[PDB]
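What follows is a pair of forms of the same protein chain, given separately as structure tokens and numbered structure 1 and structure 2.
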Structure 1
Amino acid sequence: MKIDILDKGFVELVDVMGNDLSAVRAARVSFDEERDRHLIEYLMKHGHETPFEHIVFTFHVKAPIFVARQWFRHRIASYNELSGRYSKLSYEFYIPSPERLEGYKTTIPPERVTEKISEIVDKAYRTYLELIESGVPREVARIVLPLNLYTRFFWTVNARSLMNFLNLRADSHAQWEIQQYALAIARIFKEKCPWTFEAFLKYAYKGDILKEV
């Protein structure tokens, strides 16, 4: 299960432990269709969040550094990001689409904005290459690369922390770029834990976008 985000990014499900019933078993501390869902909604509405910590996901994410920086602020989770000492490195950059600027009356055509960004990216990247070729270590030369450079990471997180992530990132107040990733995370969450996801939207979700999309 993979979802493409932005121009070159993505969110892919690597593994998952449990499902809605994992939270049910944990809540009852042990080991009926309607009875189980009722328990899930009960836990959600009353704020009994601990049982959902027993559902865990591992995602593989490709996102721009500025998005990853905001993402990594979520401390109750595990991350492993690219370094280039265990796997090969790649150089791609997030170039906003003209549509991304819709809504703002910019004196510069949204098409020209996309071009200027692409322009600087190319120049920074070429400078980077020029430095490496001259013998400058990568850890130094890389500092000239822009924040829109794509990176990749593995993210393992339990359902409770995931719902906190959605509360903050699947919201109109969050930067549009991370909103997109949050939407993809929500879709995968819904596919693996439909009962929990539904209960979440109904009683605990604090954001807005998940109720519109």
Structure 2
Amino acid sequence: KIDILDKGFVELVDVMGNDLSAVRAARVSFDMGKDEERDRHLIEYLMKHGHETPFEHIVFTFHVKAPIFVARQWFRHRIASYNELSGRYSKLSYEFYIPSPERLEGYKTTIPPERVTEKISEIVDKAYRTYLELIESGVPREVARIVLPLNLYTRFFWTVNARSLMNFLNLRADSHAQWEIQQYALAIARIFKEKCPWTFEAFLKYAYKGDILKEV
């Protein structure tokens, strides 16, 4: 479990396989016996020559807590499975992403960073109070919730194979992606590296297209 932003997290729930799962699929192997030099070279060969289907046989399930504006970017990754909390069927919790003053580093703002912080807190507080007043007046939850801002936290389970995960890292562990999702992608990368060190290193060396994971 890795903490992200002020109240977010990424947690690994389950994993199928490891580096050897890709090697075994690539060879269609009967062997369930590790030979680092040979297996590692095959992983590098596959990665450097674009043969990534074998990495689809490694699968992760994560539990993620993130603001809706981050989730909407994340859920654009179609080659994966999602299940998310419903604001139709339950009351949504009072939890919002409030950027730290540091979030505005490099931006000259005509009001102080601390005042930006508090103005965001103020509007989310008003919006949640309206949500609650609507709920408490008998407005159905599926309608009441529409006044809640995009920095509201949500949670989801994400099941994804290592190939689609690498695509996600190319796009999201990268400076062009929004900073907030970058932070999530760094945590995803860290877990991927822990479970699949040979694949991760080969990925970085041969296939990774982004500009942050080689710098951290």
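Throughout, residue numbering runs from 1 along the sequence of structure 1. Only residues modelled in both forms are compared. Whichever C-alpha set is largest while still superposing within 1.5 Å between the two forms counts as the rigid core.
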* From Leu89, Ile143, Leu129, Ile76, residue displaced between structures 1 and 2 - CA threshold 2 Å or more, rigid core -> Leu89
* Shift in Å of the C-alpha at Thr156 between structures 1 and 2 after core superposition -> 0.2
* By how many angstrom is the Cα of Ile108 displaced between structures 1 and 2 when the rigid core is overlaid? -> 1.0
* Asked: Lining up the core, where do at least three residues in a row all have CA moves of 2 Å or more between structures 1 and 2?
  -> 84 to 91
